[PDB]
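Notes for the one structure printed next.
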Amino acid sequence: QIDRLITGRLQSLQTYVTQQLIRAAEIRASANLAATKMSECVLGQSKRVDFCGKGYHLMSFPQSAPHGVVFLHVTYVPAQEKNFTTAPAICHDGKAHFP
Amino acid sequence: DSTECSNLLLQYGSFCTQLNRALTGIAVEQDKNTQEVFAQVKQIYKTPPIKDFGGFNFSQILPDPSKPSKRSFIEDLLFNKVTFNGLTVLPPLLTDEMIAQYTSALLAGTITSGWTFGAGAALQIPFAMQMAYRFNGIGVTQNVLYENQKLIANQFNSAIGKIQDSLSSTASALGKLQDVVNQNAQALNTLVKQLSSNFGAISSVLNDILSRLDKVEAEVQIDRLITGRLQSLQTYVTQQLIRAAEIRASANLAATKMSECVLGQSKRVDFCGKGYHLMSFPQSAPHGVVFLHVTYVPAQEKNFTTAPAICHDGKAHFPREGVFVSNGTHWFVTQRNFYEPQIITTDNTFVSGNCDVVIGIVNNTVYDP
Amino acid sequence: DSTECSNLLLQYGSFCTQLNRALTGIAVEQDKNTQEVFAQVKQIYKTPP
Amino acid sequence: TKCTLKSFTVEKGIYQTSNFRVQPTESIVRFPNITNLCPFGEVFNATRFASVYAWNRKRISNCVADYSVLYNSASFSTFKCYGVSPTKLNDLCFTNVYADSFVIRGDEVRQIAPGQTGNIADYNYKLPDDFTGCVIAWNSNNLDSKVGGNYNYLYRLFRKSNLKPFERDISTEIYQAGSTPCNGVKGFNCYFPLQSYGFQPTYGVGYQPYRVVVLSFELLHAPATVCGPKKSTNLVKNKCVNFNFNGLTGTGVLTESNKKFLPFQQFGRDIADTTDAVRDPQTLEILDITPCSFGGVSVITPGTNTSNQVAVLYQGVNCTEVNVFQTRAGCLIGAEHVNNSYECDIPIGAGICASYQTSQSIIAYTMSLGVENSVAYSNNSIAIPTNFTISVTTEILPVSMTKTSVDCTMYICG
Amino acid sequence: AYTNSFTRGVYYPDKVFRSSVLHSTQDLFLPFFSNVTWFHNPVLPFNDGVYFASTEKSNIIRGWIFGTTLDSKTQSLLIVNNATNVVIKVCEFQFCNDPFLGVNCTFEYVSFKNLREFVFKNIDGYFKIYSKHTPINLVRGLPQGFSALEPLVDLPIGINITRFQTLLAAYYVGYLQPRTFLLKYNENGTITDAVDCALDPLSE
Ligand SMILES: *[C@@H]1O[C@H](CO)[C@@H](O)[C@H](O)[C@H]1NC(C)=O
Ligand SMILES: *[C@@H]1O[C@H](CO)[C@@H](O)[C@H](O)[C@H]1NC(C)=O
Ligand SMILES: *[C@@H]1O[C@H](CO)[C@@H](O)[C@H](O)[C@H]1NC(C)=O
Ligand SMILES: *[C@@H]1O[C@H](CO)[C@@H](O)[C@H](O)[C@H]1NC(C)=O
Ligand SMILES: *[C@@H]1O[C@H](CO)[C@@H](O)[C@H](O)[C@H]1NC(C)=O
Ligand SMILES: *[C@@H]1O[C@H](CO)[C@@H](O)[C@H](O)[C@H]1NC(C)=O
Ligand SMILES: *[C@@H]1O[C@H](CO)[C@@H](O)[C@H](O)[C@H]1NC(C)=O
Ligand SMILES: *[C@@H]1O[C@H](CO)[C@@H](O)[C@H](O)[C@H]1NC(C)=O
Ligand SMILES: *[C@@H]1O[C@H](CO)[C@@H](O)[C@H](O)[C@H]1NC(C)=O
Ligand SMILES: *[C@@H]1O[C@H](CO)[C@@H](O)[C@H](O)[C@H]1NC(C)=O
Ligand SMILES: *[C@@H]1O[C@H](CO)[C@@H](O)[C@H](O)[C@H]1NC(C)=O
Ligand SMILES: *[C@@H]1O[C@H](CO)[C@@H](O)[C@H](O)[C@H]1NC(C)=O
């Protein structure tokens, strides 16, 4: 009789450890991402569009949290605008100029 | 649904429940991935009727408004090339027609509006000027694009034509996506096939066992089949968890390629495919995404003699924005990644100390404007 | 190499098939990783003297 | 849903709770056409039956045997079964059966039961105590009894030893009833072992002749060839049912099909063994089997702190078989469809989402993909920003699981 | 007298329709390119199971016998096509030891330009006869073009078989072995090609 209980319990525990391994592989990937976000968004300024928050990244502040990290990304976003006439170049006398 | 088995399955408790939670986890990740790649834009941009794009003929990569569901021509090739006990095959949260709107909007922003439609409100800009900025991104002075604009457009349209032929003439470019469907169809077919297997039991027909035997013998035989079928499911779901973690690694890569390689000009060498990066366009495909990376690759070159500085009034001069070069008869300054010779001048250079420190410096006239 | 055992192993069906297959999947991916890291460059640039 | 989530409170969302599956509305049963009946007219309406010492034997095989007509045959003065019920026989199967049959005086029917003694059992046809089979007899005075006596009906009165179970013995050799040398001729102490009933019409109802059949059943190493006749039903189409075809049990929506089987082929299999089609065994149409309609049941809800109205999706199930609305995700019930197509509050599938809205109800709709924008692009012109805003954006990442550890021996064995 | 089988001797392994699939099974088969005996005669062993074929445009080849002895001492198969149809009996026979023309019993039943063929096996006690008739234009040797044999009868008769012989225009005999095989069905559920997985590395 007990060999059935051992079989069942043991198969359940193997299933549980398999779940925790696959979950831990996600959390390792999440940690690699977070560590990169720390190194790039805090110890510097990432030029990578929408890696550090949304819009052009200025800096970010990490704040500690249970089992994780919260970033506060600080970003610059243009917010009001005008239309204009434009040209790729201006000709002066004979010669072309570029900005 | 055979009742004797339905009774005996209650011996195992949570297993035959928790597999539906596990597979629900898999299910949500698919729409999470699909959202986190394609939904990286706040508004559904749509393109005006005009085609004044400096001769860039995007007609193949834009939606055809007549198409049965609004794919581009090239999305349609990709759609064409990629090819029951207890099973359910759930819908995606988003339809193929919805995905075509997202791959339209991103591309419409990318065509009309620089990087801005990723970073804030989309701001319209003339397309030649967008390529001129992207050339400035790889370190080429923006005039060099405008001075070749027709030739570049003719190269680009030719390259787009070659993409159509590459995708049409062989399926071998799409191998990844077909492989992903093939793995799932294989796994499901083997999962079904295991129902015919016997697991040391008298039979794999369930109601046959119930017809042949003493209730007690049948319970032993059925517990074997339950044990086999259970271990089969735990095997299959183990594969689908591992496989979904893999496809999500691909999804976070894709989500990065959207934000960095479409919405911007991420400089990272050999991130946006081979060559110095200019821009890239997404196109939708079954279960996946296809990037058309557009990249500058230098292709004819000449040798020059070079000196790391020049000496003039006994002051060392260094090139301000480039490198010094010669054919022996004179000296010119040039930009680092494209041949564009210029007269050496006080404003094309900067001063730093006396000449005597610099190894390999050469004596020459700085013209002062 | 027991035939008596092998017959029983065949009654359990495609487990033995897919376990060889999955490990082949692992094994091929090791060569793939090695080409993905090292084989980025198509020309063997020899050292200058 | 509360019962599924093991909680008295439930948050806004969707939850799969259970399985929906259309029930087997009835059972269909099919067997080969009405054929190959065993020759029992020649066993019960036949013109004569043997003197019991030389009892008639016939192999019964390769045929269905109806026992119901026999247990219905009220003209049987005797009809009995041993080891088995007579009602069960039309389900049973055997390699062979034998029609072990004869005439006797009705009185000696007392000997025609399992393991019994007396002249007929012991000296003509021995019934074992273990007899798994049936005895049949009927009065035959009008055929087998005659004016002045019918002496042709014989039985072994005398034998030196008993017959073995279902042995036969013709042997006419003179019974030596003492030390007297008989040498195979009749006389004092030298009796004919066979003796005559001499049936006369004056005989009482038990002394009168009876015709008799004993049904010797036989299952052996060779497969069954005698069976009780199977029963086919009518065949319903296009409705989910339990079914059997011969030995092919199953369950599904049986339909007609276009399929061109080879004449010998009986049933189809799909891509991966599953039985997809069948030949009918009585008029040889090929029928598809199609799956009996099933799918998950899921409950769509606002937060229970906010409302107790709920809606249900039957995952992939068409509304026809289950307010009501059809979707590519299956039938949606209790929700209210609307054209105005907002962003997703709760996701369903196939572009469809639901939310709790104004008197408030669960609405359901094709989702918005966000607001459309025809950008005023033209290669003459650009827009440049005159003013800007700082924004602050939260992003959250997990970094550690709860560090968990188990003593596997304590968990397993306590 | 040896000759070779090439591609002959495949038969529908069960009464099952399969829709254009490349299905596979393990059963008794004639191994591809195995040797076979050739004839225009002795009594023969049955081994695991027998394949027979002939160029018989005339039906002068007419019958077969099977059993352990295949004579007198136990119930033994006699098979003869009487030109009306195939006739079968199973007696402990005392019939003619060599039937020809100048130019206990227990059961019975009744059913170059051309080639006619059969495969005989018993499983569990049930006895199978698979069959084919086909046009040909071949002079000698077995036809290498592919085709399948089809069931006639499936008899509950239960007899032990270890020997056999034929009764009576070229003919051939070969023996089955347990082999894993591949079978190519078409859009009509006929078998149309096959592979002996044990033949060679490409076959594997
Ligand atoms: C730019 O000009 C066009 C044409 O008058 C107009 O449709 C568009 O709304 C203008 N956009 C802005 C931001 O003023
Ligand atoms: C450049 O100079 C080297 C050495 O003289 C020579 O091998 C090479 O062919 C020249 N041309 C180019 C384009 O490399
Ligand atoms: C290249 O050679 C030509 C011809 O001698 C000369 O005009 C030119 O100035 C030379 N340029 C340099 C930088 O050596
Ligand atoms: C360049 O190489 C030559 C080889 O003879 C050597 O003499 C010279 O000093 C080197 N020049 C520099 C700038 O290193
Ligand atoms: C540069 O000019 C000075 C002038 O005094 C001379 O001494 C020196 O040798 C020259 N060097 C080279 C590399 O031409
Ligand atoms: C036998 O006779 C009875 C009437 O005596 C008749 O009903 C029955 O059909 C006949 N046949 C059989 C096989 O019983
Ligand atoms: C079955 O028997 C019935 C009634 O005699 C007849 O209508 C039908 O055609 C038969 N079918 C077959 C396949 O024998
Ligand atoms: C829904 O079910 C009914 C009954 O089977 C059918 O007539 C109808 O065509 C079905 N509609 C869809 C879209 O499946
Ligand atoms: C595109 O630019 C050319 C040259 O500036 C101009 O003639 C044409 O009107 C422009 N069209 C649009 C729609 O901007
Ligand atoms: C820019 O926007 C802010 C919003 O608070 C406003 O106070 C400020 O006056 C604006 N400046 C200009 C130059 O538009
Ligand atoms: C097969 O037959 C050939 C002639 O057809 C013969 O030489 C050979 O010995 C036979 N046996 C084997 C094992 O090849
Ligand atoms: C398949 O079936 C169709 C319809 O009966 C028939 O026309 C066709 O000739 C068949 N083809 C083959 C290859 O048997």
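Residue numbering restarts at 1 in every chain; chains get A, B, ... in the order shown in the structure tokens, and ligands count up from 1 in that same order.
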
>> Taking only C-alpha atoms and all ligand atoms into account, which residues have an atom no farther than 7 Å from ligand 2? I'd like them as number ranges by chain.
In response: B: 301-303

Okay, now the selection with N, CA and C atoms, as a PDB file, in the first residue's frame?
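Ended up saving to selection-v2.pdb:
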ATOM      1  N   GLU B 301      36.615  50.742 -52.399  1.00  0.00           N
ATOM      2  CA  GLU B 301      37.564  51.426 -51.533  1.00  0.00           C
ATOM      3  C   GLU B 301      38.915  51.610 -52.196  1.00  0.00           C
ATOM      4  N   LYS B 302      39.663  52.585 -51.699  1.00  0.00           N
ATOM      5  CA  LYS B 302      40.999  52.906 -52.176  1.00  0.00           C
ATOM      6  C   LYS B 302      41.947  53.026 -51.000  1.00  0.00           C
ATOM      7  N   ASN B 303      43.219  52.777 -51.274  1.00  0.00           N
ATOM      8  CA  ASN B 303      44.305  52.959 -50.325  1.00  0.00           C
ATOM      9  C   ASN B 303      44.770  54.410 -50.332  1.00  0.00           C
TER      10      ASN B 303
END

>> Please return as JSON, numbers by chain the residues found within 8 Å of ligand 10, counting only C-alpha atoms and all ligand atoms.
In response: {"A": [79, 80], "D": [386, 387, 388, 389]}

> Which residues form the shell of 12 Å around ligand 12 when you count only C-alpha atoms and all ligand atoms, given as a list in words?
Replying inline: residues 258, 259, 260, 261 and 262 of chain D; 19, 20, 185, 186, 187, 188, 189, 190, 191 and 192 of chain E

Would you write out those residues with N, CA and C atoms, as a PDB file, in the first residue's frame?
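Here's the written file selection.pdb:
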ATOM      1  N   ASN D 258     -19.215  11.411 -48.068  1.00  0.00           N
ATOM      2  CA  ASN D 258     -18.839  11.210 -49.468  1.00  0.00           C
ATOM      3  C   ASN D 258     -17.802  10.084 -49.685  1.00  0.00           C
ATOM      4  N   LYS D 259     -17.333   9.412 -48.626  1.00  0.00           N
ATOM      5  CA  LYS D 259     -16.119   8.582 -48.674  1.00  0.00           C
ATOM      6  C   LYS D 259     -16.295   7.305 -49.500  1.00  0.00           C
ATOM      7  N   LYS D 260     -15.345   7.056 -50.405  1.00  0.00           N
ATOM      8  CA  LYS D 260     -15.289   5.886 -51.294  1.00  0.00           C
ATOM      9  C   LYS D 260     -14.322   4.828 -50.758  1.00  0.00           C
ATOM     10  N   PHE D 261     -14.770   4.044 -49.783  1.00  0.00           N
ATOM     11  CA  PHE D 261     -13.997   2.916 -49.251  1.00  0.00           C
ATOM     12  C   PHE D 261     -13.842   1.795 -50.281  1.00  0.00           C
ATOM     13  N   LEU D 262     -12.790   0.985 -50.160  1.00  0.00           N
ATOM     14  CA  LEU D 262     -12.732  -0.302 -50.851  1.00  0.00           C
ATOM     15  C   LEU D 262     -13.745  -1.265 -50.221  1.00  0.00           C
TER      16      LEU D 262
ATOM     17  N   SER E  19      -6.685   7.488 -45.182  1.00  0.00           N
ATOM     18  CA  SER E  19      -6.857   8.546 -46.184  1.00  0.00           C
ATOM     19  C   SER E  19      -5.528   9.180 -46.608  1.00  0.00           C
ATOM     20  N   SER E  20      -4.891   8.664 -47.661  1.00  0.00           N
ATOM     21  CA  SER E  20      -3.668   9.218 -48.283  1.00  0.00           C
ATOM     22  C   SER E  20      -2.413   9.344 -47.394  1.00  0.00           C
ATOM     23  N   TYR E 185      -0.603   5.007 -48.678  1.00  0.00           N
ATOM     24  CA  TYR E 185      -1.979   5.126 -49.145  1.00  0.00           C
ATOM     25  C   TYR E 185      -2.143   6.314 -50.092  1.00  0.00           C
ATOM     26  N   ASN E 186      -3.194   6.316 -50.909  1.00  0.00           N
ATOM     27  CA  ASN E 186      -3.584   7.459 -51.745  1.00  0.00           C
ATOM     28  C   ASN E 186      -4.942   8.042 -51.315  1.00  0.00           C
ATOM     29  N   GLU E 187      -5.434   9.038 -52.049  1.00  0.00           N
ATOM     30  CA  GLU E 187      -6.737   9.688 -51.843  1.00  0.00           C
ATOM     31  C   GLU E 187      -7.964   8.789 -52.056  1.00  0.00           C
ATOM     32  N   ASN E 188      -7.753   7.494 -52.287  1.00  0.00           N
ATOM     33  CA  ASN E 188      -8.777   6.481 -52.506  1.00  0.00           C
ATOM     34  C   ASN E 188      -8.653   5.321 -51.503  1.00  0.00           C
ATOM     35  N   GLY E 189      -7.709   5.387 -50.563  1.00  0.00           N
ATOM     36  CA  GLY E 189      -7.499   4.339 -49.566  1.00  0.00           C
ATOM     37  C   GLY E 189      -6.884   3.037 -50.092  1.00  0.00           C
ATOM     38  N   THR E 190      -6.397   2.987 -51.333  1.00  0.00           N
ATOM     39  CA  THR E 190      -5.564   1.864 -51.788  1.00  0.00           C
ATOM     40  C   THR E 190      -4.122   2.054 -51.347  1.00  0.00           C
ATOM     41  N   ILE E 191      -3.437   0.970 -50.995  1.00  0.00           N
ATOM     42  CA  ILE E 191      -1.979   0.951 -50.859  1.00  0.00           C
ATOM     43  C   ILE E 191      -1.360   1.066 -52.246  1.00  0.00           C
ATOM     44  N   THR E 192      -0.273   1.817 -52.378  1.00  0.00           N
ATOM     45  CA  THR E 192       0.339   2.141 -53.679  1.00  0.00           C
ATOM     46  C   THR E 192       1.865   2.060 -53.698  1.00  0.00           C
TER      47      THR E 192
END

> Which neighbours of segment 11-19 of chain C fall inside 8 Å, counting only C-alpha atoms, when residues of the same chain fewer than 5 positions from it are skipped, and could you give them as an MDAnalysis selection string?
Replying inline: chainID B and resid 190 194 197:200 228

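Residues in contact range of residue 336 of chain D, defined as at most 10 Å between only C-alpha atoms, with sequence neighbours fewer than 5 positions away removed, read residues 311, 323, 324, 325, 354, 355, 361, 362, 363, 364 and 365 of chain D.
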
Determine, counting only C-alpha atoms, which protein, DNA and RNA residues have an atom within 9 Å of an atom of residue 14 of chain E; residues of the same chain fewer than 3 positions away are not included. Present the result as a PDB file with C-alpha atoms, in the first residue's frame.
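Result saved to out23.pdb:
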ATOM      1  CA  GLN D 265     -12.732  -2.011 -45.638  1.00  0.00           C
TER       2      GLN D 265
ATOM      3  CA  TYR E  11      -1.208  -6.891 -48.484  1.00  0.00           C
ATOM      4  CA  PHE E  17      -9.402   2.653 -44.662  1.00  0.00           C
TER       5      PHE E  17
END

> Which residues, written as a count of residues only, have at least one atom at most 10 Å from residue 106 of chain E, with only C-alpha atoms counted and residues fewer than 5 positions away on the same chain left out?
Replying inline: 8

>> So, with only C-alpha atoms and all ligand atoms as the atoms that count, which of D:268, D:114, D:252, D:385 lies closest to ligand 1?
In response: D:385

Which residues of chain B sit at most 9 Å from ligand 3, using only C-alpha atoms and all ligand atoms? Give each one's shortest atom pair and distance in Å (one decimal place), in chain and ascending residue order, as a Markdown table.
| residue | atom | partner | partner_atom_place_in_ligand_line | distance |
| --- | --- | --- | --- | --- |
| B:304 | CA | ligand 3 | 14 (O) | 8.3 |
| B:305 | CA | ligand 3 | 14 (O) | 8.4 |
| B:324 | CA | ligand 3 | 13 (C) | 8.3 |
| B:325 | CA | ligand 3 | 13 (C) | 5.8 |
| B:326 | CA | ligand 3 | 14 (O) | 3.7 |
| B:327 | CA | ligand 3 | 14 (O) | 3.8 |
| B:328 | CA | ligand 3 | 14 (O) | 5.1 |
| B:329 | CA | ligand 3 | 14 (O) | 4.5 |
| B:330 | CA | ligand 3 | 14 (O) | 3.6 |
| B:331 | CA | ligand 3 | 13 (C) | 3.6 |
| B:332 | CA | ligand 3 | 13 (C) | 4.3 |
| B:333 | CA | ligand 3 | 13 (C) | 7.8 |
| B:341 | CA | ligand 3 | 13 (C) | 7.4 |
| B:342 | CA | ligand 3 | 13 (C) | 8.4 |
| B:343 | CA | ligand 3 | 13 (C) | 8.4 |

Selection file, N, CA, C and O atoms, as an mmCIF file, in the first residue's frame:
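That gives us selection.cif:
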data_model
loop_
_atom_site.group_PDB
_atom_site.id
_atom_site.type_symbol
_atom_site.label_atom_id
_atom_site.label_comp_id
_atom_site.auth_asym_id
_atom_site.auth_seq_id
_atom_site.Cartn_x
_atom_site.Cartn_y
_atom_site.Cartn_z
ATOM 1 N N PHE B 304 45.170 54.912 -49.178
ATOM 2 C CA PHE B 304 45.803 56.209 -49.045
ATOM 3 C C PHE B 304 46.907 56.131 -48.012
ATOM 4 O O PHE B 304 46.839 55.353 -47.059
ATOM 5 N N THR B 305 47.919 56.973 -48.179
ATOM 6 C CA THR B 305 48.856 57.225 -47.095
ATOM 7 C C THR B 305 48.184 58.134 -46.085
ATOM 8 O O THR B 305 47.384 58.996 -46.441
ATOM 9 N N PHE B 324 43.128 62.283 -41.816
ATOM 10 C CA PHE B 324 43.994 62.843 -42.855
ATOM 11 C C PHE B 324 44.506 61.781 -43.820
ATOM 12 O O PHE B 324 44.967 60.718 -43.406
ATOM 13 N N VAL B 325 44.509 62.098 -45.108
ATOM 14 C CA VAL B 325 44.873 61.175 -46.183
ATOM 15 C C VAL B 325 45.592 61.864 -47.326
ATOM 16 O O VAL B 325 45.424 63.059 -47.566
ATOM 17 N N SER B 326 46.365 61.087 -48.070
ATOM 18 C CA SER B 326 47.121 61.566 -49.216
ATOM 19 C C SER B 326 47.382 60.486 -50.257
ATOM 20 O O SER B 326 47.400 59.292 -49.956
ATOM 21 N N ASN B 327 47.646 60.934 -51.485
ATOM 22 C CA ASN B 327 48.171 60.124 -52.587
ATOM 23 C C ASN B 327 49.661 60.418 -52.863
ATOM 24 O O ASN B 327 50.176 60.175 -53.953
ATOM 25 N N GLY B 328 50.355 60.981 -51.873
ATOM 26 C CA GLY B 328 51.731 61.458 -51.971
ATOM 27 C C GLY B 328 51.865 62.917 -52.422
ATOM 28 O O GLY B 328 52.770 63.603 -51.943
ATOM 29 N N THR B 329 50.993 63.439 -53.295
ATOM 30 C CA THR B 329 51.219 64.782 -53.865
ATOM 31 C C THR B 329 50.697 65.921 -52.992
ATOM 32 O O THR B 329 51.271 67.008 -53.021
ATOM 33 N N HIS B 330 49.648 65.702 -52.196
ATOM 34 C CA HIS B 330 49.054 66.708 -51.299
ATOM 35 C C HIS B 330 48.488 66.045 -50.036
ATOM 36 O O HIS B 330 48.675 64.853 -49.834
ATOM 37 N N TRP B 331 47.749 66.777 -49.203
ATOM 38 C CA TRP B 331 47.010 66.219 -48.065
ATOM 39 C C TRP B 331 45.575 66.732 -48.003
ATOM 40 O O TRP B 331 45.333 67.924 -48.165
ATOM 41 N N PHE B 332 44.627 65.838 -47.721
ATOM 42 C CA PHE B 332 43.213 66.151 -47.533
ATOM 43 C C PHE B 332 42.691 65.571 -46.221
ATOM 44 O O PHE B 332 43.166 64.544 -45.741
ATOM 45 N N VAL B 333 41.686 66.222 -45.647
ATOM 46 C CA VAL B 333 40.862 65.665 -44.570
ATOM 47 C C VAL B 333 39.615 65.007 -45.167
ATOM 48 O O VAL B 333 39.092 65.483 -46.170
ATOM 49 N N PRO B 341 36.933 64.094 -49.898
ATOM 50 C CA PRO B 341 38.126 64.871 -49.596
ATOM 51 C C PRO B 341 37.853 66.368 -49.528
ATOM 52 O O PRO B 341 37.089 66.914 -50.321
ATOM 53 N N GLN B 342 38.515 67.043 -48.594
ATOM 54 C CA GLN B 342 38.399 68.477 -48.367
ATOM 55 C C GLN B 342 39.764 69.097 -48.055
ATOM 56 O O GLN B 342 40.680 68.425 -47.576
ATOM 57 N N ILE B 343 39.881 70.400 -48.305
ATOM 58 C CA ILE B 343 41.074 71.216 -48.047
ATOM 59 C C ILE B 343 41.339 71.306 -46.545
ATOM 60 O O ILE B 343 40.417 71.513 -45.753
#

> Using only C-alpha atoms, which residues sit within 8 Å of segment 214-227 of chain D once same-chain residues fewer than 2 positions away are excluded, as a PyMOL selection string?
Replying inline: (chain D and resi 60-65+90-101+132-136+212+229) or (chain E and resi 125-126+156-158)

Shell of 9 Å around ligand 1 (only C-alpha atoms and all ligand atoms), written as an mmCIF file with N, CA and C atoms, in the first residue's frame:
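Writing done, so here's pocket.cif:
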data_model
loop_
_atom_site.group_PDB
_atom_site.id
_atom_site.type_symbol
_atom_site.label_atom_id
_atom_site.label_comp_id
_atom_site.auth_asym_id
_atom_site.auth_seq_id
_atom_site.Cartn_x
_atom_site.Cartn_y
_atom_site.Cartn_z
ATOM 1 N N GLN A 80 4.046 70.130 -27.569
ATOM 2 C CA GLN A 80 3.330 71.067 -28.438
ATOM 3 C C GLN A 80 4.226 71.375 -29.626
ATOM 4 N N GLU A 81 3.661 71.708 -30.777
ATOM 5 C CA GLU A 81 4.394 71.819 -32.031
ATOM 6 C C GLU A 81 3.716 72.745 -33.025
ATOM 7 N N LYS A 82 4.471 73.149 -34.044
ATOM 8 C CA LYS A 82 3.951 73.842 -35.221
ATOM 9 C C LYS A 82 4.387 73.140 -36.494
ATOM 10 N N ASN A 83 3.554 73.227 -37.525
ATOM 11 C CA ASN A 83 3.958 72.931 -38.895
ATOM 12 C C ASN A 83 4.904 74.026 -39.397
ATOM 13 N N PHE A 84 5.762 73.698 -40.354
ATOM 14 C CA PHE A 84 6.617 74.656 -41.044
ATOM 15 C C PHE A 84 6.844 74.246 -42.496
ATOM 16 N N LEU B 123 5.445 63.345 -35.445
ATOM 17 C CA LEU B 123 5.693 64.596 -36.162
ATOM 18 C C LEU B 123 6.048 64.286 -37.609
ATOM 19 N N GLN B 124 5.321 64.826 -38.580
ATOM 20 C CA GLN B 124 5.627 64.551 -39.975
ATOM 21 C C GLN B 124 6.974 65.153 -40.369
ATOM 22 N N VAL D 375 -2.062 61.072 -40.438
ATOM 23 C CA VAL D 375 -0.992 62.074 -40.292
ATOM 24 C C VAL D 375 -0.879 62.939 -41.543
ATOM 25 N N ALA D 376 -0.829 64.258 -41.363
ATOM 26 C CA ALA D 376 -0.753 65.257 -42.430
ATOM 27 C C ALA D 376 0.646 65.353 -43.082
ATOM 28 N N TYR D 377 1.227 64.215 -43.451
ATOM 29 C CA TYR D 377 2.519 64.135 -44.125
ATOM 30 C C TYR D 377 2.490 64.748 -45.533
ATOM 31 N N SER D 381 6.946 69.669 -46.125
ATOM 32 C CA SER D 381 6.673 70.217 -44.790
ATOM 33 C C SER D 381 7.072 69.298 -43.638
ATOM 34 N N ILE D 382 7.313 69.892 -42.472
ATOM 35 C CA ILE D 382 7.730 69.240 -41.228
ATOM 36 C C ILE D 382 6.958 69.842 -40.057
ATOM 37 N N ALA D 383 6.847 69.134 -38.938
ATOM 38 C CA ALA D 383 6.475 69.749 -37.666
ATOM 39 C C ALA D 383 7.606 69.652 -36.640
ATOM 40 N N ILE D 384 7.808 70.710 -35.855
ATOM 41 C CA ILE D 384 8.857 70.794 -34.830
ATOM 42 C C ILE D 384 8.222 71.254 -33.519
#

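Scanning segment 319-350 of chain D with DSSP on the backbone, the strand (DSSP E) assignments fall on residues 324, 325, 326, 327, 330, 331, 332, 333, 336, 337, 346, 347, 348 and 349 of chain D.
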
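One distance worth recording is that between atom CA of residue 196 of chain B and atom CA of residue 238 of chain B, which is 21.0 Å.
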
>> Just want the residues within 12 Å of ligand 9, written as JSON, numbers by chain, counting only C-alpha atoms and all ligand atoms.
In response: {"A": [84, 85, 86, 87, 88, 89], "B": [48, 49, 50, 51, 52, 53, 54, 55, 112, 124, 125, 126, 127, 128, 129], "D": [376, 377, 378, 379, 380, 381, 382]}
